[PDB]
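Here is how the chains run, residue by residue.
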Amino acid sequence: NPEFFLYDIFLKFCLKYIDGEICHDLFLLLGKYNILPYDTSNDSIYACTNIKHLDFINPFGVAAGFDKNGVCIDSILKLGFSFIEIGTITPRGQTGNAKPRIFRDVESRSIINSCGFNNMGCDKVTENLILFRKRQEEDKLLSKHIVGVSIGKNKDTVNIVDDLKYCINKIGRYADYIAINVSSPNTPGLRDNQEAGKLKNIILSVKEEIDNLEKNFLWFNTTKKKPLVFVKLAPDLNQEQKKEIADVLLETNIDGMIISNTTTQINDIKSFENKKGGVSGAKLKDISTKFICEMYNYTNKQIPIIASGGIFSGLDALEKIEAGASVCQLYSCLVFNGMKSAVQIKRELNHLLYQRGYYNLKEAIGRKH
Ligand SMILES: Cc1cc2nc3c(=O)[nH]c(=O)nc-3n(C[C@H](O)[C@H](O)[C@H](O)COP(=O)(O)O)c2cc1C
Ligand SMILES: Cn1nc2c(=O)n(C3CC3)ncc2c1[C@](N)(c1ccc(C(F)(F)F)c(Cl)c1)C1CC1
Ligand SMILES: O=c1cc(C(O)O)[nH]c(=O)[nH]1
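Residues numbered from 1 in each chain as written, not as in the entry; some residues may be left out. Chains lettered and ligands numbered in written order. Heavy atoms only, no water.

Structure determination for the deposited model, as stated in its record, used X-ray crystallography, and the stated resolution is 2.90 Å.

Structure below.
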């Protein structure tokens, strides 16, 4: 498309001279005024995918933390993504940790960030999403797109479940699915909530609040159904903990599990030495894919997987799919490849299934095993 490629020229300049968050702000500003490129081409019906009754028109979305406030949904989706996960949001607004809090190593295609759940808050983001859903009702290019909401807790909150209830009660009826973020490394003490008991109570409380929205049309979202419940897991756990978690998720009946968030155990990027925050990008790819393989077995194939971590190429995506993933989220690939990310990776993925003899994307899930 003539429009996508023009932004590629500025991409290398930005990654070299401009601060990361200015780049983020500009991208949100471009999309706010609908001057970002569009991809209105039909997607391969053999590349479509689904999680339960959620039907994704293609297997690529944008991971949480990119449009943390839902102010740029239309333009991002129209870049060629099937869905976007907004958030992570909290009940009360937060400015996050001090800036600068985002750093990029172009050579390794890696990012380290210490944002700290900066967001307008549930109320304002809820307003933004309500505005999007109204625009969705009048734009054909948005009728089949999916919007999930990642929810979290304020830094000063003590109990996580209390904050999760507020988000569900206010933005729950506008979300196609809810992602439980208990894996951020930039808010103290959160990852400790991944212990089985606490995670079990979290999932039941989140699933209880969603089911209770009906009791007290209701679903002003894409599906017209109640939102599914997903959990995003951190990769820095030992094997016994992963086993407990798998047992919890299945027992609690989780609709899916995102794998994964950022990691804190990587220490071989020279420009990131002595910096706080979680690391994203290519270096996280192989680590995350194994977390899927492990969890996919621990779950006995009964819990769908959503892949997030170092996905840059169509083959990187098929590695995630064949490992057990049903859909993929991008974040760093967007940062380092830009407006063309979705078009390039969708074209590459279609080329791949053709050579490998697959009938459709569904045939590839877990074929690695
Ligand atoms: C600057 C930055 C901010 C992020 N913010 C969030 C967030 O708010 N909530 C969340 O669940 N994940 C967040 N993430 C993690 C991403 O969603 C994703 O898991 C990570 O970037 C790895 O994917 P990638 O290798 O394709 O970049 C953030 C990542 C980065 C780099
Ligand atoms: C270079 N870039 N850096 C980013 C970054 O650091 N983030 C934050 C989350 C961590 N998000 C997006 C970042 C981009 C981005 N590739 C970009 C920004 C601005 C321009 C320009 F030239 F129009 F101004 C261009 Cl062409 C491309 C954006 C499209 C995904
Ligand atoms: O889940 C998360 C959250 C953050 C943040 O808000 O700082 N950053 C990440 O890399 N992952």
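1. Looking at the side chain of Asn58
Examined against the element boundaries, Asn58 turns out to sit in the loop between β2 (54-56) and β3 (60-62). Given a relative accessible area of 2%, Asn58 falls into the buried group. Non-local contacts of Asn58, meaning those with residues more than four positions away in its chain, are made with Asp43, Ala47, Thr49, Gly80, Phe81, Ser82 and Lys346. (Helix = DSSP H or I, 4+ residues; strand = E, 2+ residues; numbered from the N terminus. Buried < 20%, exposed > 50% of the residue type's maximum accessible area, 1.4 Å probe, protein only. Contact = heavy atoms within 4.5 Å.)

2. Focus: helix α7 (residues 239-252)
The first and last C-alpha atoms of α7 sit 20 Å apart over 14 residues, in line with the 20 Å expected at 1.5 Å per residue. Those residues of α7 not exposed but buried are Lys242, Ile245, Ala246, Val248, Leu249 and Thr252. For α7, the buried positions fall inside an angular range of 165 degrees around the axis, keeping them on one side. Its buried side turned inward, α7 meets α6 (196-215), β9 (228-233), β10 (256-259) and α8 (285-298). Just beyond α7, the residue with positive phi is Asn253, at close to 70 degrees. (Expected span 1.5 Å × (residues − 1). Arc of directions from axis to C-beta.)

3. What to know about the site of ligand 1
The environment of ligand 1 is made up of 21 residues, and the closest members are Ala64, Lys68, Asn181, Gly310 and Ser332. At a separation of 3.0 Å, an oxygen atom of ligand 1 approaches a polar side-chain atom of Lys232. Here an oxygen atom of ligand 1 sits 3.2 Å away from a polar atom, N or O, in the main chain of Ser260. Here ligand 1 loses 97% of its free accessible area of 610 Å² to cover by the protein chains. Of all the elements in the fold, those that place two or more residues in the shell around ligand 1 are β4 (83-89), β6 (110-113) and β11 (278-281). Residues belonging to the shell around ligand 1 are distributed by class as follows: 6 nonpolar, 13 polar and 2 charged. (Near = heavy atom within 4 Å. Polar contact = N/O pair within 3.5 Å; in protein donor to acceptor, adjacent residues only side chain to side chain. Areas by Shrake-Rupley, 256 points an atom, 1.4 Å probe, with all protein chains shown as cover. Nonpolar A, V, L, I, M, F, W, Y, C, P; charged D, E, K, R; others polar.)

4. Focus on the packing of helix α5 (residues 160-171) against α6
Interhelical geometry of α5 versus α6 gives an angle of 25 degrees and a closest axis separation of 10 Å. When the axes of α5 and α6 are compared, the pair comes out roughly parallel. α6 is crossed by α5, and the crossing has right-handed handedness. In contact with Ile160, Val161, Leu164, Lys165, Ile168 and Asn169 of α5, α6 contributes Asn201, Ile202, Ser205, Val206, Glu209, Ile210 and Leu213. Of the residues assigned to the contact of α5 with α6, the class counts are 8 nonpolar, 3 polar and 2 charged. (Axes fitted to C-alpha atoms, helices over the stretch in contact; angles between N-to-C directions. Parallel < 35°, antiparallel > 145°, perpendicular 65-115°, else oblique. Left-handed = near helix turned anticlockwise from the far one by under 90°.)

5. Describing the sheet that holds β6
Taken in spatial order, the 3 strands line up as β5-β6-β11 in an open sheet, and their pairing is antiparallel. Strands with a single pairing partner mark the edges of an open sheet, and in this sheet they are β5 (102-105) and β11. Going from strand to strand, the sheet's axes swing by 20 degrees on average, the running direction of each strand aside. Summarising the sheet, β6 and β11 pair through 4 bridges and their orientation is antiparallel. Note on β11: the bridge partner recorded for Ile111 is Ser280. (Pairing = 2+ DSSP bridges.)

6. Here's the deal with the layout of surface pockets
Size it by volume and the second largest pocket reaches roughly 440 Å³. Partitioned by chemical class, the residues of the lining of the second largest pocket number 6 nonpolar, 7 polar and 6 charged. (1 Å grid on protein atoms, 1.4 Å probe; cavity = no way out; pocket = protein on both sides within 12 Å on 5 of 7 lines; lining within 4 Å. Points joined across faces, edges and corners; volume = space filled by probe spheres on them.)

7. Let's talk about the site of ligand 2
The environment of ligand 2 is formed by 19 residues, the closest being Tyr7, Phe10, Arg104, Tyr331 and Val335. Residue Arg104 places a side-chain N or O atom 2.9 Å away from an oxygen atom belonging to ligand 2. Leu334 is positioned such that a nitrogen or oxygen atom in its backbone is 3.4 Å from a nitrogen atom of ligand 2. Protein contact buries 96% of the 610 Å² of open area that ligand 2 shows by itself. For the shell around ligand 2, the secondary structure elements donating two or more residues are α1 (2-17), α2 (20-32), β5 and α10 (332-337). Per-element accounting of the shell around ligand 2 gives the leading share, 6 residues, to α2. Grouping the amino acids of the shell around ligand 2 by side-chain chemistry returns 15 nonpolar, 3 polar and 1 charged.

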